[PDB]
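Protein chains in written order, with the entry's author numbering: chain O, 2 to 89; chain R, 18 to 88; chain K, 11 to 125. In what follows, a structure is listed as structure tokens, so that the remarks can point back to it.
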Amino acid sequence: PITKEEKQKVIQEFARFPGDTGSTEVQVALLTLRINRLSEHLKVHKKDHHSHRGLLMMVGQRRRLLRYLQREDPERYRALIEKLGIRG
Amino acid sequence: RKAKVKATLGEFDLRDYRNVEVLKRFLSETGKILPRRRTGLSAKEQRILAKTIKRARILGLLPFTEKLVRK
Amino acid sequence: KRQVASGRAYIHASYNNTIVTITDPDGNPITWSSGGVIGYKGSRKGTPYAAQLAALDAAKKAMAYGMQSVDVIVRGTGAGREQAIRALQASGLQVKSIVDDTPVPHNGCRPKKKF
RNA sequence: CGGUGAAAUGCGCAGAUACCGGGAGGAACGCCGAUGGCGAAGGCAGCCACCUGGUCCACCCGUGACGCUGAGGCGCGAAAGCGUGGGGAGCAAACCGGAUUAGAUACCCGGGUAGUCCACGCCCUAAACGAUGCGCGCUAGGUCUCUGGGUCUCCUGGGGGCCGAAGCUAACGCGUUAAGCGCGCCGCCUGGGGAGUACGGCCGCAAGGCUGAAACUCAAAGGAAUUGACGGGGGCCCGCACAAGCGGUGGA
Ligand SMILES: [Mg+2]
Ligand SMILES: [Mg+2]
Ligand SMILES: [Mg+2]
Ligand SMILES: [Mg+2]
Ligand SMILES: [Mg+2]
Ligand SMILES: [Mg+2]
Ligand SMILES: [Mg+2]
Ligand SMILES: [Mg+2]
Ligand SMILES: [Mg+2]
Ligand SMILES: [Mg+2]
Ligand SMILES: [Mg+2]
Ligand SMILES: [Mg+2]
Ligand SMILES: [Mg+2]
Ligand SMILES: [Mg+2]
Ligand SMILES: [Mg+2]
Ligand SMILES: [Mg+2]
Ligand SMILES: [Mg+2]
Ligand SMILES: [Mg+2]
Ligand SMILES: [Mg+2]
Ligand SMILES: [Mg+2]
Ligand SMILES: [Mg+2]
Ligand SMILES: [Mg+2]
Ligand SMILES: [Mg+2]
Ligand SMILES: [Mg+2]
Ligand SMILES: [Mg+2]
Ligand SMILES: [Mg+2]
Ligand SMILES: [Mg+2]
Ligand SMILES: [Mg+2]
Ligand SMILES: [Mg+2]
Ligand SMILES: [Mg+2]
Ligand SMILES: [Mg+2]
Ligand SMILES: [Mg+2]
Ligand SMILES: [Mg+2]
Ligand SMILES: [Mg+2]
Ligand SMILES: [Mg+2]
Ligand SMILES: [Mg+2]
């Protein structure tokens, strides 16, 4: 899985200010995690079709948040993407 | 209400798959896991018990099946 | 030839026919009898009377091998399973025990069309 | 022995069935098991550990409208079925044999190949059904149940059922799990047969699938409900109706 300790260090990494338990950047971050983490599982388990379902949902969600941020503050969008290497 | 095995017992661990002397009492004259009707167990309890007995049988302690002796 | 003090009486009743074999306390059969051996042909073997016969002859042949007592094992649902017992019971053999050991699969082979 | 209404085919003196012990193999998991749970659907139950999705409750901490729907696209998709390879206990299309029957060429019985099982790639259909698209707000209650929280008599969330206010409905029924009152967005329908056919196009190794007519022809096709009649449907009751008798007709 992801242990609390692991995920917390992600949070603190992207946190827009001390204590931000969940801004946009943070949500994208934590979500980006869960995706790579799950995608990797799916390279091994190509038959877990059911879990793939949740992956589309996670992915699509990640897009809508970014989509929002692109419109909102296009700079924090560049930042957040580069700082995570996405859109490809 | 013939006899409820919830009452004839103190408190015990339902996840304890080694406590034969307890578990023994939730089976029939055959190895069969008693119905919740005779066990008096909760809805949640019975599912837990259910797994514990299965675990314990596989360990060799409780029987899968018996043979009915006309008593 | 041999002399068998106590023993086993196995009763296997079908819907079609009831067979009774008698064995030594190690389970090796001594004499047996069925409904057809009694001398019945078809439908008639699977009968509380045919079965009362099968049992009686089984213990008859048996007590000639010195048989005295028997533990009883019935396998099956069916007619005159009960008759086979009572026939044994009141045959002249002392009936130590009765048990049912009808094999119930724990869900294995798909059965024939008519189940 | 088996087997059926009865029975034969079959198996058995190369010793079967029944019984005890040993071994191999495949496939499915009794009891728990529920009228229960989970899943978007198809679907999912022995046990264990690993990897993994959805989801509910409390706290009311962070973001600050970031939301809903969705042509096409993309992925999932029971069973049967296709290709290659492995596997094969039980079962079992076709096929072989026994019976039944006016005839069976089916229903019953004994066999049995594909298949059913695993991997990989296809197929992509269904009474794929709640025959009920998704999301949100609003509109009495009662009761049963699975599952969270509380100051746990009871209160408060999320599921699953039954009964019902208002209302809706052609009715049957629905009724806070709406088929009620409303808004958003998608899909679909426009008389029956012809017909899921033809033609064309697309997909497919194939079997075939998706999309889909008209000419013609009928004057209906339909849904629900009512009375009746009938049922090799159920329930209770009656008549010399059967049964229990006594005596006859049928023969002269
Ligand atoms: Mg054996
Ligand atoms: Mg083999
Ligand atoms: Mg559901
Ligand atoms: Mg279903
Ligand atoms: Mg707050
Ligand atoms: Mg702000
Ligand atoms: Mg603020
Ligand atoms: Mg959405
Ligand atoms: Mg959508
Ligand atoms: Mg399929
Ligand atoms: Mg298949
Ligand atoms: Mg194949
Ligand atoms: Mg093959
Ligand atoms: Mg034939
Ligand atoms: Mg057959
Ligand atoms: Mg067969
Ligand atoms: Mg809430
Ligand atoms: Mg509750
Ligand atoms: Mg409810
Ligand atoms: Mg109702
Ligand atoms: Mg009303
Ligand atoms: Mg509502
Ligand atoms: Mg409507
Ligand atoms: Mg038209
Ligand atoms: Mg027309
Ligand atoms: Mg069509
Ligand atoms: Mg078709
Ligand atoms: Mg079609
Ligand atoms: Mg065509
Ligand atoms: Mg082609
Ligand atoms: Mg389609
Ligand atoms: Mg009608
Ligand atoms: Mg009637
Ligand atoms: Mg009469
Ligand atoms: Mg007469
Ligand atoms: Mg005359």
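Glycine is no exception: its CB is placed at the ideal position from the N, C-alpha and C atoms.
- Collapsing the DSSP output to three states places R/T69 in a helix.
- Look at R/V86: its C-beta is under 8 Å from a C-beta on chain K.
- Residues are counted here when their Cβ sits less than 7 Å from a Cβ of chain R; for the region 93–125 of chain K these are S107, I108, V109, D110, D111, given in chain order.
- K/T112 and K/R85 have their C-alpha atoms roughly 4 Å apart.
- In the DSSP assignment, R/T56 falls within the unbroken alpha helix (DSSP H) covering 53–56.
- For the options O/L67, O/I36, O/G23, O/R64, the alpha carbon positioned closest to that of O/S52 is the one of O/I36.
- When DSSP states are grouped into helix, strand and coil, O/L31 belongs to the helix group.
- Distance from the CA atom of K/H116 to the CA atom of K/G76, rounded to whole angstroms, is 40 Å.
- Three or more Cβ pairs closer than 8 Å define a contact, and the region 43–61 of chain K falls short of that threshold against the region 61–78 of chain R.
- Only buried fits K/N27, as 16 or more other CB atoms lie within 10 angstroms of its CB.
- The beta carbon of K/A23 sits closer than 6 Å to the beta carbons of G86, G88, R91 from its chain, once the five residues preceding and following it are set aside; these are given in chain order.
- Remark: C-beta atoms of K/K122 and K/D81 do not approach each other more closely than 8 Å.
- A straight line joining the alpha-carbon of O/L81 with that of O/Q13 spans about 14 Å.
- Residue pairing by DSSP places K/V84 opposite K/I21, K/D110 in a beta bridge.
- Residue pairing from DSSP places K/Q104 in a beta bridge opposite K/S79.
- Annotation for O/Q28: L66 place their beta carbon closer than 8 Å to its own, counting only its chain and skipping 5 residues before and after.
- With respect to R/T47, R/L85 sits close: the two C-beta atoms are nearer than 8 Å.
- Per the C-alpha coordinates, the member of R/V22, R/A24, R/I50 positioned closest to R/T69 is R/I50.
- Here the region 48–63 of chain O makes no contact with the region 18–38 of chain R; the two share fewer than three CB pairs at distances below 8 Å.
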